[PDB]
Each structure stands twice: as structure tokens, then as C-alpha cells.
Amino acid sequence: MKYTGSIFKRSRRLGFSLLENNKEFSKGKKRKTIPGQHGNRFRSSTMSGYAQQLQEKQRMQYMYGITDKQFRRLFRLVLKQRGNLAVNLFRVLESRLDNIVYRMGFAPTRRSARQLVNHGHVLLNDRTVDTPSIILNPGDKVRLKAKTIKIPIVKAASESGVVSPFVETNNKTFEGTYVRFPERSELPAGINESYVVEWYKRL
Amino acid sequence: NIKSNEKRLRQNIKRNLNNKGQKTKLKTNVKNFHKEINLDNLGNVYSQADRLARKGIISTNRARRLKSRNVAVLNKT
Amino acid sequence: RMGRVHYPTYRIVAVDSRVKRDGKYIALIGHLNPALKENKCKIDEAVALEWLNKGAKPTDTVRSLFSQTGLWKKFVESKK
Amino acid sequence: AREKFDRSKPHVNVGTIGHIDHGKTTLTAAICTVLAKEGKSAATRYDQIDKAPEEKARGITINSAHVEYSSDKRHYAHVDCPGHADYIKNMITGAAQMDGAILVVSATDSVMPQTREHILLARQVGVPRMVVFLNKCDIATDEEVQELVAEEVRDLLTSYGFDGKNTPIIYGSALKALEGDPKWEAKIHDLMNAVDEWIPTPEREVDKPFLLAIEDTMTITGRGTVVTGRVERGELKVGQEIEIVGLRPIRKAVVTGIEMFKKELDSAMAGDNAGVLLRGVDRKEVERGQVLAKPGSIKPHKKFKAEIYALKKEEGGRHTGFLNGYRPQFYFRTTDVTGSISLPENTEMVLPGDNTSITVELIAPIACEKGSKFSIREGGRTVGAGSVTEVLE
Amino acid sequence: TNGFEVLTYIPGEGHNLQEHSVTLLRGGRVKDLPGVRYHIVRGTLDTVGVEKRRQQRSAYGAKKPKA
RNA sequence: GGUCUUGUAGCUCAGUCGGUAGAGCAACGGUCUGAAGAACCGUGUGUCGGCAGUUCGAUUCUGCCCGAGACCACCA
RNA sequence: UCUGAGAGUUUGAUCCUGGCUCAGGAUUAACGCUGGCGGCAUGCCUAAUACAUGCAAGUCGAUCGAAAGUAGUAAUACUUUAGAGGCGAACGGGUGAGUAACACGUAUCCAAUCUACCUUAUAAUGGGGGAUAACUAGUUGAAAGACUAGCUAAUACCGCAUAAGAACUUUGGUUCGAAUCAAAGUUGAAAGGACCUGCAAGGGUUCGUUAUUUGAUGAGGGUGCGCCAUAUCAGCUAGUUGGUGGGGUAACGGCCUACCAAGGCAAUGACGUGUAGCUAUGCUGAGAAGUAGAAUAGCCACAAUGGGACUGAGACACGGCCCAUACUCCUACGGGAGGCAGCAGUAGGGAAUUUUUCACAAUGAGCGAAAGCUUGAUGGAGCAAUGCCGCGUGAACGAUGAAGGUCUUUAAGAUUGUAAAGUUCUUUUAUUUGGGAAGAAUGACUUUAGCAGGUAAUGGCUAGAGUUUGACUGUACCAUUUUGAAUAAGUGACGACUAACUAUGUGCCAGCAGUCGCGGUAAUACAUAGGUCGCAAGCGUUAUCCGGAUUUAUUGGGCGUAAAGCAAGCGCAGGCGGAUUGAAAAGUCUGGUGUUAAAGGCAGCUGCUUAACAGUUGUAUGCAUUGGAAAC
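Dropping the structure here:
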């Protein structure tokens with residue numbers, strides 16, 4: 001599937017909040033564990049490398065929404081260069097166009113960013129794209145086809161949204177550039193290299 | 003088949019007859035030379051040999067070879 | 002014409018009409034890309050002059066590719 | 002090219018309805034010969050009246066065969082309707098697809114049970130204003146025998162619901178007309194003028210997309226399978242997409258050639274004896290007698306409940322009664338699929354006559370639609386006829 | 071379709087074979103019978119499995135359930 | 001498309017002169033094996049694929065079909 | 001630089017030894033459920049089985065005669081070719097039964113060879129004759145055809161003189177089987193066309209042609225090298241190992257013949273069986289290596305089977321011929337026709353492999369000064385989830401948790417679940433509006449402008465003008481182009497091996513299962529339902545490959561008791577070999593030179609919205625030679 005469908009279910013299972021801090025605190029019944037009825041107490045007897053690798057693969061895959069064929073091919077593209085594959089892979093994961101526009105703060109959710117990018121309303125260097133996973137280069141300028149600036153959802157997203165040092169942006173113009181690579185401390189720390197590069201026994 | 007094939011065949015009957023007639027006269031002259039050895043018959047034989055070698059009817063190499071073999075028997079005689 | 006569908010490309014190579022195209026060739030001379038314009042064409046004219054001097058020329062339109070280049074105006078003197 | 006054929010004149014399909022030994026084969030030969038001597042492009046045919054063994058060795062019709070012939074007024078096709086039983090499915094196959102059926106009865110071979118059943122089935126399935134032609138009058142010339150048959154054919158045609166008093170009667174001799182006796186051509190001209198009058202046509206409309214009743218399947222060397230039939234509605238051009246329907250899962254197909262009588266069409270028509278080449282299909286999945294439609298909207302069905310016009314036993318109904326377990330052969334516009342008369346609880350034995358409303362269950366999912374006229378038969382005798390009132394599943 | 075004669079196992083509830091039917095054969099390894107390793111593939115144009123096969127409808131040739 | 005053929009217990013199989021339904025097996029119970037097999041006794045079952053006739057009288061003889069099995073479609 | 005995982009399976013229990021299974025990819029995949037689009041790849045692997053019809057080989061009237069027809073009163077000009085003649089007809093395409101060897105690829109030598117046209121350079125293009133076509137007529141038969149007589153052209157044919165150069169041999173001369181030279185005999189080349197100028201006499205240009213020389217080009221041959229198994233395969237073998245002369249091929253060559261000898265190969269594997277088109281490469285792989293030798297491109301074979309021969313410069317010739325054979329077919333009885341492994345396409349075999357689609361628009365080829373012609377090559381189009389890749393099937397907001405369903409099992413509640421409902425916003429795609437490509441950034445073409453030869457003028461080299469060639473296309477694409485959340489998720493598994501539990505049903509029956517094995521009356525392994533997790537217009541399931549599998553261990557095992565030291569001794573060949581001095585380098589290492597087709601992969605870049613993919617640049621490898629070092 002291209003998308004997760006429901007999100008809070010996965011985040012309940014992922015144990016991580018894709019949002020800033022909160023996805024649910026009192027929804028009739030709050031839980032910090034797996035959803036469903038079977039989740040009475042099943043998290044303390046499944047400690048295994050296989051389970052950890054699968055869980056973290058789902059965490060980072062659900063964190064951005066990349067299908068397994070695409071997820072594999074993107075890792076191979078990361079293997080293309082040597083660099084430092086750990087930080088290089090993390091920088092590629094955040095370099096997706098939807099993640100780019102999320103970090104400059106014009107979207108409240110990555111699903112909204114994907115939906116907006118797919119409709120062709122986001123113009124990239126005078127040539128728009130329909131693939132919401134574009135890999136960028138430092139110094140890329142964006143603009144959103146200024147008609148779509150009048151959108152109430154975009155307005156409620158972009159008034160005081162995500163402020164980042166590695167990307168320069170202006171909400172008085174809704175435009176910006178990619179200054180530099182983000183630092184690891186500025187990215188979610190619940191994602192590690194070792195388990196998924198191990199589950200990468202393929203390559 | 004093709005109309006061009008029939009065009010080729012009706013034409014090539016005559017040239018096949020011409021080639022066999024030329025081969026017959028070459029062989030007759032060769033036999034005459036081997037009946038009596040002299041430069042008189044050999045001059046003729048080399049003449050039509052060159053004329054046939056003028057076209058692709060006989061390769062020039064085989065003619066040079068047989069003509070060398072004939073000039074050899076002239077030389078030892 | 003090689004590459005992708007709706008994407009023509011023509012490597013410039015000394016060839017004779019006794020061998021089919023994209024089969025076996027003699028020696029590479031360059032490549033011509035008719036897919037994208039603005040004069041994409043690179044030539045060597047190092048042994049191509051010798052090939053012209055000894056016959057067995059490549060295709061005829063290549064003649065024109067050296068008319069703009071100017072090899073023709075300098076070939077006749079080599080020719081005579 | 003495959004000898005392209007085109008025509009703009011209206012096409013009325015005319016057949017020789019009546020039992021064998023009536024001179025019907027000789028009449029089919031004679032009409033072709035006289036129009037050969039009357040109209041251009043009317044090539045003669047006597048060995049081409051039939052195309053199968055025992056079809057010509059007997060001289061009297063057994064199985065189907067198609068002939069084509071045009072006059073200086075109108076074009077006509079003809080299918081060779083059978084005689085004796087065990088082949089009646091072919092005659093109704095024709096009887097469903099003709100709009101003109103000349104009653105070729107013989108004065109010396111006066112209306113036989115096969116002929117009377119042919120007329121009754123024409124009434125049941127619907128043959129509008131079918132004309133009569135007394136035949137084989139070269140034998141047994143009598144003062145009143147030639148006229149008692151002429152009055153009784155009118156009586157029998159008025160005894161089913163048709164118009165036996167609104168049809169001109171022309172006599173003739175099959176052998177004398179075919180051989181070329183000059184005085185018998187006036188009578189075949191009279192017959193042609195008779196099928197010119199009060200014989201309608203399948204209405205000309207291109208707005209209807211598609212529907213065809215299959216009659217035969219013939220595989221052609223190299224081309225594939227050219228399946229032939231008669232169009233009920235719609236017009237057809239090469240390159241269009243269609244869907245096969247009937248007794249099999251509906252599958253899409255593409256037309257690649259349309260023909261009259263192995264001569265390629267330009268524009269098909271409803272009622273035309275058409276033949277269409279289909280790609281990627283073999284006789285195993287395309288069935289002789291299937292139906293076909295435009296892709297998108299058609300539904301096969303098994304069970305349906307309709308008002309049936311129970312024909313009276315004196316009018317030709319069943320010889321006896323029937324229970325729920327009665328299993329007669331339903332005739333749907335292209336095929337005899339045999340179903341069961343599942344009587345609703347009206348009486349223990351519904352009798353012929355006194356038209357009822359019954360539900361029926363069929364083993365095969367066949368295309369059904371409300372109002373579509375269908376026939377009910379059993380072993381050479383019609384036991385019912387009507388149109389669909391409600392389609393269930 | 072060749073002269074080889076082989077024993078095989080029918081999976082699922084019941085059967086739809088009538089002693090004269092052609093169907094497809096698959097491999098596999100079951101250990102309840104020596105030698106017997108091949109099985110019959112249901113739902114291939116002849117014998118078909120239609121017994122509320124809602125889950126695992128890929129094998130047995132069972133159509134997707136209707137809404 | 002026609003040429004014939006088949007329809008018997010739940011399964012595989014014969015069918016009294018239209019006048020009667022007959023075997024084995026799964027199969028219900030009992031004896032017996034530590035247990036399960038194997039062996040032995042008794043049970044059971046069919047309104048004989050369905051409709052209408054001929055019919056005191058039909059699985060049976062016909063007319064109807066259906067599910068199925070075999071014979072071919074030349075020519076040129 | 002590159003570059004690496006294991007887990008379970010023996011027993012009462014433990015370990016070792018070995019075996020087994022699972023987990024990665026990958027297709028020429030097939031197949032079940034189903035399915036939205038797009039780029040791209042790819043689409044008979046079976047019967048080298050046979051196959052309706054059509055296309056796939058024509059061009060040239062500036063090679064030639066004649067003829068028709070059109071216009072013209074006519075003269076004449078114009079279209080066309082039945083023919084004759086020229087070129088391609090060998091390539092272009094498909095296929096891999098046959099074919100284990102020079103077939104493959106590489107390195108050479110052809111002092112043993114050929115090569116029309118294309119390149120260099122140069123002498124000639126003079127003269128005559130002869131016939132056949134076509135046509136006219138007859139014979140012959142249904143036909144294919146065949147035969148006979150009279151009348152025609154040439155750049156078709158044949159003689160006739162001439163011979164820079166060339167042909168042979170001979171004498172003299174030179175060089176390490178050959179090369180250069182001087183001389184003595186002998187031979188042989190044809191054709192004109194178009195145009196221009198010139199009264200003529202002639203001259204000029206181009207094309208065409210003979211001859212000669214330079215090349216290149218391709219063809220032919222030999223050569224070592226490495227590339228299947230098979231000793232439950234041991235002798236094989238005589239134009240066969242040779243020598244002598246001749247015939248013979250382009251050419252060496254028992255290639256073949258007349259003659260004379262008896263060798264040669266083989267245990268380091270002949271011969272024999274079975275199997276195979278080969279290579280690059282495709283895949284696995286980290287790596288030594290393995291597998292396949294889809295497509296694809298290079299090499300070879302082949303054209304219903306088997307032979308024979310002509311022509312072409314080159315053939316025993318995918319759409320040449322003749323014949324035999326087999327098949328099919330016409331047939332009036334007398335005769336004949338054909339070969340889809342050329343494009344399709346059909347029958348059938350399978351589990352399965354695409355339409356009698358378009359255009360020669362590009363390109364390329366073939367023909368022809370020239371208009372122009374052919375191309376089922378090729379460039380497109382359609383079908384197929386067969387494969388890879390990209391994208392939609394909405395998004396944001398939205399709690400005691402709506403209904404319902406399930407569990408807890410009633411009587412709180414939880415679960416599905418912000419998921420629902422409801423509120424807005426947006427339209428890749430879906431529906432409409434208008435415009436719209438490049439590919440035609442090659443080319444003729446007649447007029448301009450300049451330019452080499454010589455001039456008397458044509459003709460040729462280059463720039464400018466346009467006619468211009470578009471099937472694809474109103475296509476890619478472009479745009480505050482209308483409407484519309486609408487037009488669009490299935491699917492394997494949940495005992496463990498390896499993430500994924502409850503309820504009901506069955507009761508070693510029914511079933512599942514790759515492994516251990518679960519089930520014989522509460523089954524976390526069966527049946528169903530719910531929940532759940534996995535992948536997704538795809539999900540699975542079978543074949544073949546490799547990793548694992550160190551599971552024949554080159555790297556990277558051993559052989560005391562788990563598997564094996566022959567029962568032992570003598571010993572040929574071969575392998576491994578003491579120390580020191582010298583030689584060269586046969587190896588070894590290394591420098592230079594050439595090849596190592598393109599292409600594949602790798603590293604970098606460019607382009608299509610990014611992709612996928614394609615192209616661009618570099619990147620290895622083995623030998624051949626030359627030049628160094630001399631440790632082993």
C-alpha cells in the first residue's frame with residue numbers, strides 16, 4: 001500500500017509519536033501499548049533480534065511512508081556512495097521532498113504534505129514533480145504556486161510551524177532554501193542503524 | 003519464385019552455352035598442344051587464355067599456373 | 002537509433018554497406034544524438050581522413066555533418 | 002483483401018417454410034435461376050444449395066445452408082430449413098431470424114404434420130404476414146383439389162392469429178420453374194412482388210449498440226474462427242470491442258472481419274446473415290448458438306418468472322398435463338436450453354390453454370430480460386410461448 | 071498427459087473428481103504417506119473449491135467473496 | 001451438430017415374462033485386543049434423475065430433457 | 001579499496017561426527033485470487049510439425065529496340081514497359097535438430113591466396129560482323145507450358161589493328177623460399193550515353209567503359225592456447241603416416257590420381273556412447289568460483305530431406321535452378337504446382353509466447369546523374385500485471401470509545417477506534433476547454449553569393465531562399481481549462497523454527513504441514529468467526545540456480561575409537577629434492593608497445609518531473625612483442 005491508512009494504531013504499536021509529542025492522551029481510553037483487545041500484557045516476552053529489527057523497520061518505514069520495494073531501492077542508492085552509510089542513510093531519509101516541506105513547516109502532517117505534492121501544486125526549481133520523495137541538493141528553492149497560498153489548511157499549518165536551522169524559510173513569502181544537513185540531535189533518536197542494516201542481510 | 007528469377011534463367015541459358023563452348027575450345031587447343039609441342043600453337047592458346055581470363059570465366063591464377071606448366075615443357079624441349 | 006523508445010541516438014562510426022547496422026563495425030568516430038538538439042556531435046577526424054582517402058565511406062548524411070564542420074573545403078586539396 | 006462486398010439496399014430475409022418433398026429445394030434453385038435470368042450479379046447455384054454430406058444426396062432438406070440473391074428491387078438471404086424431426090432446432094433457428102417466410106406448400110403434398118407444425122411455430126415465435134406459395138402443381142391437375150388446399154391454407158393461417166385472408170396465393174410447379182418452362186416465371190415474379198408487400202424488416206437503427214444470435218461456427222485456415230449469426234439489433238464495423246454472452250462467463254473480444262456469405266461486409270445490420278472473425282477464440286469457448294453484446298451492460302440468469310401464454314391443446318398445446326418436475330426445452334432467440342416448469346401453487350396439473358403465470362429454473366445462466374419473447378417446446382410439439390415478466394437471478 | 075501413472079493427494083473438504091477428469095498436479099512434501107508428495111491443484115478450470123473459502127483463497131482456486 | 005449409450009442403497013455394481021428391488025464397502029450396536037487394528041454376529045438402506053402416457057400393472061416400454069460416456073464432419 | 005549471521009532437526013539427558021529442513025535472490029517463469037495508470041523490458045522454451053491469403057526484391061527510358069496510349073491536322077513531345085541488358089538478388093530475416101572441432105576467442109604467419117564497385121596514378125573509349133528478343137504466324141494442350149518458321153537493338157555477343165602498364169619464360173644483375181633490375185620472344189583493350197561549344201572541321205564537361213597501380217575492404221587456409229562427462233570405454237587406423245610425377249583449387253595441401261614404402265595416433269585417455277550451437281554476456285556470489293549460455297550484439301551451421309550444377313567477383317544460393325525422395329494439392333488421365341526456422345497468422349503440443357496494425361516520417365540499405373521507387377529492416381500502434389520502476393485509490397480537523405461486532409463472556413466496561421459520523425480544503429489521475437511540439441537541427445530542388453581546373457561554355461566545393469518530407473499528433477506537453485472526494489485494496493500468516501490470540505466447531509474423523517509433528521471429546525498447529533501482524537495491484541505456490549552448504553574444505557577437512565592407511569614389501573615414470581660459484585631468463589616479477597568489438601558491471605556526469613531507463617567519460621582482464629632484476 002502507498003499509505004498507512006490508520007496512523008494512531010501503528011504509533012500505538014510503534015511506541016513512538018510521529019507528531020511533536022502527543023498523538024493521544026484521553027480518547028475514551030488511553031494506552032501506551034499495542035491496540036486491540038489482545039494487548040493486556042504482551043511486550044515483556046518478545047525480546048529477540050528478529051522482533052527488534054522488524055519493529056524498528058516498521059518504525060522508520062511508517063515514519064516516512066516508503067513502500068518496501070522503494071525502501072530497498074533507496075537503500076541501494078545509498079549504498080551507491082561510501083561516505084558514512086549510517087549518517088548518509090539518515091540524511092537520505094530526511095531528504096525526501098515530503099520530509100523537506102514538513103521541516104520547512106508548510107504541512108501539519110506528512111500525509112498532508114504527500115497529498116499536496118502529488119497534486120502538482122508544489123513547484124520545484126521551475127519544474128514541479130508528482131513523486132513525493134524527491135532527493136534534493138543543498139541550496140534548493142521551493143514555492144507553492146501562490147494561488148494555493150490562500151488555503152485555510154496551509155494557512156493553519158504555516159503560521160508558526162517547524163523552525164529549523166539547517167533549512168532557511170520565510171512564511172512571509174512561504175519560500176526558502178536548504179542551507180545544510182540536519183544534525184542527529186535534531187532528528188528522532190528512536191531510530192538506529194544497526195538493527196535494520198542487520199535485517200539488511202540482503203546487502 | 004520471382005519474375006526476376008525467370009529473367010535470369012532465360013538469359014543464363016545462353017551464357018552457359020557460351021561458357022561450355024569456350025571451355026571446349028580451350029580443351030581442344032590444350033589437347034592439340036599436347037599432340038605436338040611448339041610455340042605456334044602455344045601463342046594461340048595463351049591468346050584465348052588471356053581473352054577468357056579477361057572476364058571472370060576463368061580465374062587468372064589457374065591460367066598462369068597451366069601456362070607456366072606449358073612453358074616448362076617448352077623449356078625442356 | 003539506439004537507447005530508449007522515442008529516444009534516437011546514432012553513434013558515428015566508419016561503416017560499409019556490406020555489413021548490417023548495429024552489427025560489426027570498423028572503428029568508432031563519435032556519436033550523434035538527434036533526440037536533443039543544439040548541435041550535439043563529437044568527431045575525431047584523426048583516422049577518418051585516412052578512411053576517406055581509402056574509400057569504404059560511412060553513410061551519406063555524414064557528408065553534410067562535415068560540411069558545417071568544414072572538412073569538405075579542406076578535403077579537396079587532400080583529394081587533389 | 003478478401004473480396005470486399007458492400008450493399009445499400011434493404012435486406013429482407015426470406016425462407017422456404019414447409020416440409021420437405023414440397024419442392025422447396027427446387028424452389029430455392031428456381032428463384033436463383035430466374036433472378037439470374039432477371040437480375041445481374043445473381044450467379045446460379047444448384048450444387049451450392051447445401052454444403053454437407055447427405056444434404057444433397059437426398060434432394061430434400063436436412064441441415065442448414067445459406068444462399069444469397071438480389072433482385073432489381075431488394076436483396077434477400079435464405080437459410081435451408083429442415084424437414085423431418087430431430088433437426089427442428091435448425092428450423093426455429095431460421096424461424097427466429099427470418100422476417101419473411103414463404104409457405105412453399107405442395108398441392109400434391111398438401112400440408113403435412115411437419116408443415117402444420119412449422120406454421121404453428123411461426124405463430125408462436127412470430128413470423129409477420131408470412132406468405133404462401135402452392136408448389137408442385139405439375140402433378141395431379143384437378144378442378145377443385147388445387148382450390149381446397151388454397152382455402153384450407155387460409156383457414157389454418159386464420160386459425161392461429163395470423164392473416165390468412167390478407168395474403169395473396171400464387172401457385173406454381175417447382176420442377177417446371179427450375180427447368181425453365183417460360184410460363185412459370187410469371188408466378189415467381191408474382192411471389193417476389195408478394196414478398197415486396199406487407200413484409201416488414203428489422204427496423205433500421207444504429208443507436209442500438211449490439212446483439213447477435215449465433216447460428217454456426219466455422220474455423221478458417223489462417224484467419225482463426227469466423228462465427229456466424231443474425232443481428233437482432235445494432236450495426237457493426239471492423240475494429241470494435243464486444244462481449245460474448247450465454248452459458249459461459251462473459252469475455253471480451255475484438256472484431257476483425259464482417260461478412261455476408263464469405264464476402265466481406267462494410268456495414269452490418271440487424272437481420273443480416275452476418276459472419277464475424279474473432280481473435281484469440283476457439284470453438285471450445287464460443288458455442289454454436291451463443292449471444293453477444295456491447296461490453297458493459299448485460300446479465301445472464303438462471304431463474305425467472307413470466308406470464309406464459311399456454312397454447313390450447315386443440316390449438317397445438319401439450320397432449321397432457323405436467324407437474325413441477327416437467328422439463329421442456331426453452332427457446333431464447335438463439336438457443337434451445339432445456340429448463341423445468343416449476344409450477345406455482347395454482348393447480349396440481351396446469352392444462353394447455355388458459356394462459357398462466359409461472360416461475361422457471363434453468364440449469365444454465367443465460368441472458369434474460371423482461372419482455373423478451375421466448376418459446377416452450379417438447380420433442381417436436383410446442384407446449385407454451387410467452388415473454389419474460391420478471392427476471393430473478 | 072504422458073504415460074506416467076502417479077499417486078496424489080486431494081486437499082480440502084470433499085472432492086469434485088469423477089474418475090475421468092483432468093486437473094493440475096503440484097509438488098510439496100507431506101510425511102503422512104511414503105512416496106506421496108504430489109497434490110491436486112483445485113479451482114483450475116475443472117474441479118473447483120467453493121466451500122466458504124474466505125481465507126487462503128489463493129490456493130484451491132477459490133474466487134474472492136462477494137460483498 | 002448429428003450417430004448411439006448410461007441414470008440401482010450413501011459409494012461401486014446385476015435386475016423377476018411391465019407382476020419382485022440383490023451383493024461388497026463406509027456405515028449403527030454387540031464379542032474380543034493394556035489400547036487400536038484384524039476376526040465374528042445381527043442392523044440398516046431404495047419411495048431405482050425428473051415429468052405423461054401405455055397402462056389391474058412401469059427403474060423396467062415408450063415421448064421429453066438433463067448430468068455424463070464414447071463415433072465422425074468430408075470437399076478441396 | 002573491495003569485502004562476511006544464522007536457526008531448528010539424533011538422545012532419558014550432554015557433547016562430537018555427519019546428514020536433513022528453513023530463512024536471500026532469480027527467471028524465457030507458469031499458475032490461483034483479483035487488478036488503476038504510466039515509462040521501460042519482454043512476449044512459442046514443446047512439433048527444424050504442417051500450414052488460406054498478402055506483404056518481405058526491386059530499380060534504371062540519361063543502358064537498347066520496339067510497341068501501345070495522350071496531346072498535336074501532321075511533324076513531334078510526353079506516360080508506360082512485354083522484353084533485352086546493368087546492379088543488389090550472398091546482405092538484409094528467422095532458427096539452433098544436426099554439428100566435441102580449429103567450432104569458439106586470442107596470438108601470429110599467409111615466403112602458399114583472392115577481392116567488382118569505393119581510394120591513389122595513368123594509357124585507351126578505333127573498326128566491322130553476327131544473330132536472339134519484342135513482334136508476325138503456325139503446331140501443341142483445360143492449363144502450365146513446350147516446339148517451328150520470317151522479321152529487330154545495343155553500353156548484350158563475337159571476331160579485326162593497336163599495347164604506357166601488364167602476361168609467361170630466357171639471359172644478365174641484385175637481396176637472405178624470396179626482391180629490386182637491364183635485355184631477348186610471345187600474348188591479349190573496348191562503348192558509348194547525356195549535355196555544352198563549334199557552319200563545318202572539331203573541341204569541352206560529366207557519366208559510362210578497357211587496361212594498369214595503389215590501398216583498404218572482406219573472403220580463404222594453418223597455427224598453440226582454454227573451453228562436456230564417459231577406463232562398468234583399450235587399441236584405433238589405412239589417401240590413412242609418408243616419399244616419387246601429374247591432374248587439380250584463388251591458393252599450400254593425398255585435395256585427388258599413377259607409382260613406391262609403413263607408418264601415424266594412442267595409457268598425459270585414442271576410440272566409444274550420451275549431450276551441447278559458441279562467445280561476450282544473464283543470474284548467484286563477497287571470493288576463489290558456480291549456473292544459464294531468454295532476449296540482445298559478434299562467429300558458425302542451416303534452409304521439406306539428400307544430392308548435382310550454372311551465374312554472380314565471391315553460392316552449391318531464407319523468398320536462384322535441376323533431379324530423386326516424402327508430404328500436400330489441381331487434374332478433363334495426358335500432365336503438372338509448392339515449400340512461413342522472411343512478417344504475420346492458423347491447426348495442433350503445452351502451464352504458457354503478441355495483431356493477416358500503420359508509415360517508409362526518421363535512419364539504413366538496395367536501384368538509378370534525375371524526379372522517383374522497395375523495405376513485415378526499421379520507427380511506430382494495439383494486446384498481456386510476464387518483469388522492473390513511478391504515481392493515485394484523498395488530506396487537515398474531528399471523543400468516553402457513534403451504531404454494530406467481539407471479548408470481559410450478562411447488569412461496569414474494554415475492543416475495532418479519529419477508525420466512524422460530521423466540518424472544511426485539494427483534484428496526479430477521472431471529466432471537460434483551447435493551443436501545441438522536437439523528431440524534418442540530414443537531404444535533394446531551381447534560382448543567388450563566393451570558390452579549384454581551364455575557358456568557348458557547361459558542369460563541381462562552400463554559404464544564403466524556400467518549396468520541403470510526421471504514421472505517430474489536437475501526441476509528449478502547456479494553461480487561475482469546468483465538474484467532481486468524487487473514478488479506483490486486496491491479500492498470506494499468527495505452536496515454534498522467524499513479528500503476529502481469543503471465541504465457537506470437530507474430536508487421530510475432518511485436516512494442516514518446508515521442519516519437529518499437532519487432532520483420538522476445552523486443539524494458540526484442523527474447521528469457522530473476530531482480532532492481529534506481513535506484503536500490496538499486486539499477495540502468494542510450484543519448477544532451475546547459487547548463498548547457507550566447510551554439504552568433495554584452491555583459499556577452506558581429514559583418514560587411533562564417529563567414515564576411511566590398501567595385508568605387507570621391492571620398485572619405473574612423475575612430483576617434491578643438500579650446500580657454494582657462473583651463465584641466461586624457460587618460468588617468476590616488472591617497464592614500454594598492440595589487442596582484449598561495441599556492449600555487461602563499476603566510479604563520475606547528462607536527460608527525460610524525479611525515477612526506471614538511456615546516453616556520456618574513465619575503469620579492468622589475458623596473451624603477443626620488446627626492455628630490465630636474477631631471489632626462488
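Residue numbers (the deposited numbering), protein chains in the order written: chain C, 1 to 203; chain S, 3 to 79; chain O, 2 to 81; chain 9, 2 to 394; chain K, 71 to 137.
All residues carry an ideal CB built from backbone N, CA and C; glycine is no exception.
- Here DSSP, grouped into helix, strand and coil, assigns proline 366 (chain 9) to strand.
- The beta carbons of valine 277 (chain 9) and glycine 258 (chain 9) sit about 7 Å from each other, so the pair counts as a contact at 8 Å.
- As DSSP reads the structure, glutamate 175 (chain C) sits in a beta bridge with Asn170 (chain C).
- The C-beta distance from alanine 368 (chain 9) to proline 301 (chain 9) rounds to 5 Å, short enough to meet the 8 Å contact threshold.
- By the neighbour-count criterion, in which a residue is buried when 16 or more other Cβ atoms sit within 10 angstroms of its Cβ, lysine 137 (chain 9) is buried.
- Pairing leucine 104 (chain 9) with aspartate 116 (chain K), the inter-Cα distance amounts to about 47 Å.
- A straight line joining the alpha-carbon of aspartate 140 (chain C) with that of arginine 10 (chain C) spans about 33 Å.
- At the C-beta level, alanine 137 (chain K) and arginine 123 (chain K) stay beyond 8 Å of one another.
- From the listed residues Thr131 (chain C), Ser185 (chain C), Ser95 (chain C), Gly176 (chain C), the smallest Cα separation to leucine 144 (chain C) is found for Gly176 (chain C).
- In the DSSP assignment, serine 158 (chain C) falls within the alpha helix (DSSP H) that extends over 152-158.
- Note that the segment 62-69 of chain C does not touch the segment 7-15 of chain S; fewer than 3 beta-carbon pairs, one per stretch, sit closer than 8 Å.
- Contact between the segment 40-58 of chain 9 and the segment 139-147 of chain 9 is absent: fewer than 3 CB-CB pairs across the two stretches fall below 8 Å.
- With the rule of 3 Cβ pairs closer than 8 Å, the segment 156-163 of chain 9 does not count as touching the segment 183-196 of chain 9.
- In its chain, beyond the 5 residues on either side, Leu18, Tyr64, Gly65, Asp98, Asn99, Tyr102 have a beta carbon closer than 8 Å to the beta carbon of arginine 110 (chain C).
- Note that the C-beta distance between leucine 312 (chain 9) and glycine 354 (chain 9) is below 8 Å.
- Judged by their CB atoms, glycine 340 (chain 9) and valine 361 (chain 9) are nearer to each other than the 8 Å cut-off.
- In the same chain as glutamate 236 (chain 9), and ignoring 5 residues on each side of it, the C-beta atoms closer than 7 Å to its own belong to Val207, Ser268, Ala269, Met270, in chain order.
- The Cβ atoms of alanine 49 (chain O) and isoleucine 30 (chain O) lie closer than 8 Å to each other.
- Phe106 (chain C) is the residue among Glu24 (chain C), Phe106 (chain C), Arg127 (chain C) whose C-alpha sits nearest the C-alpha of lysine 172 (chain C).
- If you draw a straight line from the Cα of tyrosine 200 (chain C) to the Cα of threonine 226 (chain 9), it is about 54 Å long.
- Distance from the CA atom of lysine 21 (chain O) to the CA atom of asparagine 21 (chain S), rounded to whole angstroms, is 35 Å.
- One thing to note: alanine 307 (chain 9) has its Cβ no nearer than 8 Å to the Cβ of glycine 247 (chain 9).
- Between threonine 17 (chain 9) and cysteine 82 (chain 9), the C-beta gap is smaller than 8 Å, which places the two residues in contact.
- Contact check for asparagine 167 (chain 9) against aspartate 100 (chain 9) fails: the beta carbons are separated by 8 Å or more.
- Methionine 131 (chain 9) sits buried, since 16 or more C-beta atoms from the chains shown fall within 10 Å of its C-beta.
- Contact annotation, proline 203 (chain 9) with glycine 272 (chain 9): C-beta distance approximately 4 Å; criterion of less than 8 Å satisfied.
- Boundaries of the alpha helix (DSSP H) around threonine 62 (chain O): 62-70.
- Membership of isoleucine 30 (chain O) in the beta strand (DSSP E) is indicated by the continuous run 28-33.
- Contact check for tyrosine 108 (chain K) against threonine 78 (chain K) passes: the beta carbons are separated by less than 8 Å.
- Going by beta carbons, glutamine 49 (chain 9) and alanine 108 (chain 9) fall outside the 8 Å limit.
- When Cβ pairs closer than 8 Å are counted between the two stretches, the segment 4-11 of chain O is seen not to touch the segment 62-71 of chain S, the count staying below three.
- Here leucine 66 (chain O) really is in contact with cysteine 42 (chain O); their C-beta atoms are around 6 Å apart, less than 8 Å.
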